[PDB]
**Q** 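Handing you this structure, nothing more for now.
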Amino acid sequence: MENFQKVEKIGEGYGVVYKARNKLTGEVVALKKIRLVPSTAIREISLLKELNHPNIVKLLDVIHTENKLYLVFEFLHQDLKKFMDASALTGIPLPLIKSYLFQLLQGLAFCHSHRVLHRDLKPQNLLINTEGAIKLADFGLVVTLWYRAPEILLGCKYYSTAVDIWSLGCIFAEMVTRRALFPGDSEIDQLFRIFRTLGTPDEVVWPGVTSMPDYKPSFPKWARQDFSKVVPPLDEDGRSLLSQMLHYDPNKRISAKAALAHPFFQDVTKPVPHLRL
Ligand SMILES: CN(C)CCCOc1ccc(Nc2cc(-n3cnc4ccccc43)ncn2)nc1
């Protein structure tokens, strides 16, 4: 750790993230210092060192010395939240939205084939570079609830890869409309904003929903709205894909693999963003 010169704090993950410079090699890195280490965590983290993909932020090194754990990652120059904020007047161009969605689906398909879930996707942990890449960071082992799948909010203990597809669907919608789709500020507010837009789920659209730990018979019954109203700028292919990413039933929700084959991507390309660094 004496090996690293902290340049600036750039975020908060289970810890704070700094831009740092390796004092010996000259490498500029993102250094995550983890909040207070269990034998189980060390071994689980070391496996993530082998989960390498073009659309996953590269974990360069794990430094367990001595009670704290630091994760040394490759440095990317901007997060998607900042890029969306910087693009808010005109919006991110559709071709670039589509490229980013496709690449994140590639990252997830990879993670999910190895039975690794992200669990907390959000614009703040999606990182972009000047050559058009976007990468997943901060794979979990005031908290934002906006991207949380309904099965998590309803108390499902053993949720699936489908949670990440839900989160990515919410992020897709946001890139398109330039407003967060479900900006809840508590778990029930989040759940009711989902219900208000997509309809209160029942046994018809989600078999077993009424048996979920935090499901109440007394939830209000809202009707579903149209996706034409929810993401107006999006063409029918994007809306179709989005609707599949936001299916209530995690077993009907589209997989990352299947989503890559969606007709929305027939004309996918890799534009380069205009980034102000
Ligand atoms: C100073 N703030 C006003 C700026 C706001 C945020 O701006 C930036 C600019 C550049 C980067 N770069 C990164 C970050 C990561 N990373 C690894 N685990 C993470 C967990 C959370 C977030 C990022 C995480 N990995 C590689 N590159 N991250 C944020």
Side-chain angles (χ1 to χ4, degrees), residues 1 3-4 6-8 10-11 13 15-22 25-32 34 41-42 45-49 51-64 69-80 82-88 92 96 99-100 103-104 106-108 110-111 114 116-140 142 144-148 163-164 167-168 170-171 174-175 178 180 272-275 277:
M1 286 326 293
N3 337 83
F4 295 91
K6 283 171 209 157
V7 170
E8 49 160 339
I10 62 185
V16 52
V17 183
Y18 303 89
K19 190 179 181 181
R21 179 178 289 96
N22 188 307
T25 75
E27 222 171 348
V28 164
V29 301
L31 185 72
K32 182 172 161 90
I34 271 91
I42 300 311
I45 280 284
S46 290
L47 278 175
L48 291 173
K49 232 200 110 167
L51 189 81
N52 301 309
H53 189 275
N55 302 111
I56 292 176
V57 173
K58 183 183 178 44
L59 179 50
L60 300 172
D61 275 295
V62 184
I63 296 173
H64 182 24
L69 175 60
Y70 308 78
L71 300 189
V72 186
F73 296 98
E74 66 172 332
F75 183 73
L76 281 89
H77 274 74
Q78 197 159 102
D79 71 29
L80 181 66
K82 172 65 171 160
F83 183 59
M84 285 198 281
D85 287 348
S87 302
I92 300 166
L96 183 58
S99 174
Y100 281 171
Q103 292 178 64
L104 291 172
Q106 288 181 290
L108 286 184
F110 180 81
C111 287
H114 293 288
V116 174
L117 282 58
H118 189 286
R119 308 169 194 273
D120 194 31
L121 277 189
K122 54 205 180 194
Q124 307 98 291
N125 58 35
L126 301 180
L127 281 304
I128 63 173
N129 68 23
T130 59
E131 33 219 52
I134 183 155
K135 307 200 194 194
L136 302 152
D138 208 19
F139 286 66
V142 187
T144 299
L145 300 176
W146 301 357
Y147 311 98
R148 289 255 185 287
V163 302
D164 289 338
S167 301
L168 188 55
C170 295
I171 296 168
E174 188 170 345
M175 285 195 275
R178 303 169 246 174
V272 316
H274 185 59
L275 292 190
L277 310 174

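Just so you know, ligand 1 is whichever comes first in the structure, and atom 1 is the first atom listed for that ligand. Throughout, residue positions are numbered sequentially from 1 according to the sequence presented.
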**Q** Within the distance-only criterion (no hydrogens, no angle test), does the side chain of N3 pair as donor or acceptor with the backbone N or O of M1 below 3.5 angstrom?
**A**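 Indeed, once roles are kept as given, a pair shorter than 3.5 Å links the two residues.
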
**Q** For the backbone of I134 and the side chain of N55, can you confirm whether one donor and one acceptor N or O come within less than 3.5 Å of each other?
**A**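 Yes; at least one donor-acceptor contact below 3.5 Å.
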
**Q** Closer than 4.0 Å to some heavy atom of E74 - which atoms of ligand 1 meet that?
**A** 25 (N), 26 (C), 27 (N)

**Q** May I ask you to decide if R119's main-chain N or O and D164's side chain share a donor-acceptor pair within less than 3.5 Å?
**A**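 A pair under 3.5 Å: yes.
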
**Q** With a cut-off of 4.0 Å, which atoms of ligand 1 are near a heavy atom of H77?
**A** 9 (C), 10 (C)

**Q** Give the numbers and elements of all ligand 1 atoms closer than 4.0 Å to a heavy atom of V57.
**A** 25 (N), 26 (C)

**Q** For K58, is there any backbone N or O sitting under 3.5 Å from a side-chain donor or acceptor partner on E74?
**A** yes

**Q** On a heavy-atom basis, I'd like to know which of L76, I10, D85 is closest to atom 10 (C) of ligand 1.
**A** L76

**Q** Just by distance, do the side chain of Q103 and the backbone of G132 share a donor-acceptor pair under 3.5 Å?
**A**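 Answer holds: yes.
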
**Q** State the atoms of ligand 1, each with its element, that fall below the 4.0 Å cut-off from a heavy-atom position in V17.
**A** 19 (C), 20 (C)

**Q** Check if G11 has a non-hydrogen atom at a distance under 4.0 Å from any atom of ligand 1.
**A**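 It does not, in that no heavy atom of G11 comes within the 4.0 Å cut-off of ligand 1.
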
**Q** Any idea which part of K19 is under 4.0 Å from ligand 1, heavy-atom wise: side chain, backbone, both or neither?
**A**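 It is neither part, as no heavy atom is under 4.0 Å.
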
**Q** Using the ring of each side chain (for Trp, its six-membered ring), is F139 parallel, tilted or perpendicular to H118, with breaks at 30° and 60°?
**A**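 Taking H118 first and then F139, their aromatic rings sit tilted (interplane angle of 30° to 60°).
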
**Q** What atoms of ligand 1 come closer than 4.0 angstrom to any heavy atom of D79?
**A** 6 (C), 7 (O)

**Q** Quick one: does ligand 1 sit under 4.0 Å from the side chain of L127, the backbone, both or neither, non-hydrogen atoms only?
**A**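 Under 4.0 Å from ligand 1, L127 contributes side-chain atoms alone.
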
**Q** So which bit of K82 gets within less than 4.0 Å of ligand 1, heavy atoms only: side chain, backbone, both or neither?
**A**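 For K82, there is no contact with ligand 1 at all, from either part.
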
**Q** Restricting to side-chain hydrogen bond (donor to acceptor under 3.5 Å, both in side chains), what partner residues turn up for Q106, sequence neighbours left out?
**A** none

**Q** As an exercise, identify every atom of ligand 1 less than 4.0 angstrom from a heavy atom of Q124.
**A**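 Per the distance check, 22 (C).
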
**Q** Please indicate whether any nitrogen or oxygen in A137 is less than 3.5 Å from any nitrogen or oxygen in ligand 1.
**A** no

**Q** Under 4.0 Å from any heavy atom of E8, which atoms of ligand 1 are there?
**A**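 Every atom of ligand 1 under 4.0 Å from some heavy atom of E8: 1 (C).
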
**Q** Is the backbone N or O of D138 less than 3.5 Å from a side-chain atom of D120, with the two atoms forming a donor-acceptor pair by type?
**A**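 The answer is no, because no donor-acceptor pair under 3.5 Å joins these two groups.
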
**Q** Which of the atoms in ligand 1, numbered in the order shown and given with their element, are less than 4.0 Å from a heavy-atom of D138?
**A**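 Listed by number with element, the hits are 20 (C), 21 (C).
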
**Q** Quick one: side-chain contact (heavy atoms from CB on, under 4.5 Å) partners of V272, sequence neighbours excluded?
**A**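 If we apply the side-chain contact (heavy atoms from CB on, under 4.5 Å) test to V272, skipping adjacent residues, there are no hits.
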
